[PDB]
Every structure is written in C-alpha cells, then in structure tokens.
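Quick setup: one chain, the form deposited in one PDB entry, written in structure tokens, and binding and motion questions come after.
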C-alpha cells in the first residue's frame, strides 16, 4: 500500500494521528514512509500534496504537508543534528498553519501544535547545549522557537464584543498555555524582560471574563512566572501577591503527582523571601509537605535574625547562602530590602524597653549608635576587614540619623528628629505599636500592589 497516499488522505481530512515529529510515537510508520518516499525528488513530493484529491486549497497547509513528506523521506533517526533542519522547518510550517484563525483544520491542528511544541522545545535545548560544537550562538535553537511561538501569540485576537456564540476557539483555549511556554523560554534563555510584551498583551487577547476560568495549573504557573518577573524588577509586593496566590491555588490542587510538590517548592523558594521583605513570616505547618526540614531551618535562622534586629546575622546568612540566592535572583533584593525590616525590629526592641517600659520619650543618637554597634558588628573601615564587601560595606553604626530618617520615611518609625540636639522624639505612650506600626500594613499601603486576582 502507498502509505504516502494514505497519509495525505488522513491529513487532507484533518486526521493527524501520524503527524508528529516524535519517532517514539511515529517510528514504524515513518520508517515505512521513508522507504517508500526514497527516490522521489522535492518537486515530486510537492506535487503529491498539490494534486492530492481532498487536499485543502490552502498554500500554508500544503506547505506543511509537503514539509512533513520531506521530513519523513530524509530523517536520519541516528542523528538529531542532521535531522534538525527537517524537524524545525516542519514545526515552523505547522505553526504557520495556525496564524489564520480560519485556517483549514485549525481546531484539529491545535493539539498537534502543542504536542509538537513540547517536542521541539526539548530538542532545541538538547541542540543548544552543543552550540560550540554546532557553531551556533547560545540559545539559537530555542530562541528560534520563541520567535515562532511569538508570531502565533500575536495572531490570537480577542473576542468580538458581540460574538454570536460562546465557542472557545482552540487558539483561545491555549492562550495561557502559550503565554507560559513563551515566558518560560525567555527565562531559560536568560532574557526574562522579553516577557514584558507577553504579560502586557495576555489579558487584552483573552476572551474569558475571569482569570480563574483558565486551568488551575496554568494559573499557578502564570502567577509563578509573573511573580518572578516582578521580583527581577525589585517590585516586591507585586511579586508577593502572585507567589502567595500561586501557592494558595496550588494547595487547592490534588497532590496526584510529585511534580506538584516540587512546583509548590519552587513557589515557596520565592514566596518566603518575598514575604519576609514585606515583614511577613510563614507558619511552617501548611509548608511541611513542600519543604525539607533543612530549608525550613535555614529560613528560620534568617527569620530569627530579621525578627530581632541583627544586621550582622542577616549579612552572615546572605553570605553563607550567596550562591543559590544569586541563581534564583534573590541575593541583591534581599541584601537591599531586608535591612530596614531588621532595623525596624532593632529599634522596635529599643523603643519598647526604653520608652514603653522606662518611660523615656527622647532617643539620644549615642544610644542608637551603641545598639547599632551590637547589631552591625564589623564594617569595611574596621580592622580585619581590609577589603570592601557587600556584607561589610553598606551598614555602619556611625550613621544613626540616616537609619532613623529612612525608617521614618518608610513609615516604619513614627518619630521626629533633632539633628542639632542629636536625638529623635517618639510619642510618650505605653503602646509600642503606636510608635512602630505593623510592618506589612505600612509597606503595602505605601506600595499598593495590582489586584492579586488579575481579572
């Protein structure tokens, strides 16, 4: 039997059972096809498609069918590189068949395209790892895929304001799927800022009235990537609400698979430090299934240092954790934004025993310098610290006023300061929260985040 003629019959009628680049699914059929297609030249393969009786009269669809015959004829299963031109050519031809919303068989093709997208992404990473041997630039393959998926994303149009039916076309059903695949790629090629256009144009293209109408797994991953994108731009609160909702939604998933535990862990790796910057600390109970005891112990040490105002302990903790923190883009933001929460707690204790207990309204700078001496410890100027570091070069006990000024400007300390009297005055009261309000409320009121529920 002429299996090429059989294949084209299937493709012409939207039966794509065998239209796949995955030989672990397609192998025996492709092998038979390769044997039978051997001997026919490119123009002959093209003609087989052009003249096939039921073939949709669509240029891009025939290009795609022909591209697959070429692939089947010339594929070398022993060499992923040698076969790659056929594989990536066909994939591009396949996605091109989705650009027109009224393309032939587009609805049957949507599942094919997602299936093949997962295949080609994996193959692209494989080949990109050999870029030096292949004389290609870093991420050239996977970046080519991002461009293809980007053109597809741009072709998805929003619903007509007065649509005649509720039908969710395939391109809309995979809108968030595509957003996440594309943004994941941009993160993997180490260009996360390319997510900007994707994030910006996601909601305008969506036909669904509520973000919660998408699959919950796609929601969670979206919030995960959006939270990371925010955190890359140091927008801590904007990131927090996404990580926090991402974990909440995940807790609402049945833990059918281990990958869900590990995905929850991925969220917590960012939700914990993000919340800490905002003055929030987790209850480990609901987190036990997703974190090892050691990771809990580790974040609990940092919790202790921040909670009680030990700047030196925070810096030591960041120093010890530097490598993996850099890998998750967490070191700088924590280095920068943990201090003032730690300072707040430092002077919180000071004001508690000094004002609330001992009834002293005035804070002499000399006192706070002594407190900072204990909290900061060593500095770039001090002996034994010949070389400047991000851990000894930022915080100094000498800059009492500066610390207090920023605490007051962030709204974490309600106080007046007298530079020529070298003291700051708090309100004479027994209620500590009147002088040092709850951190999270203050920060979140100064930096209101966008609606945690996107829409």
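We call the rigid core whatever largest set of C-alpha positions still superposes within 1.5 Å between the two forms. Positions refer to the first chain, counted from 1.
As for the form deposited in another entry, it is not shown, yet the points below apply to it.
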{"item": "Moved residue between this form and the one not shown - picked from 374, 216, 301, 134, where its Cα shifts 2 angstroms or more relative to the rigid core", "value": "134"}
{"item": "Core-aligned C-alpha movement of residue 102 between this form and the one not shown, 2 Å or more", "value": "no"}
{"item": "Rigid core fit then residue 256 CA moved by 2 Å or more between this form and the one not shown", "value": "yes"}
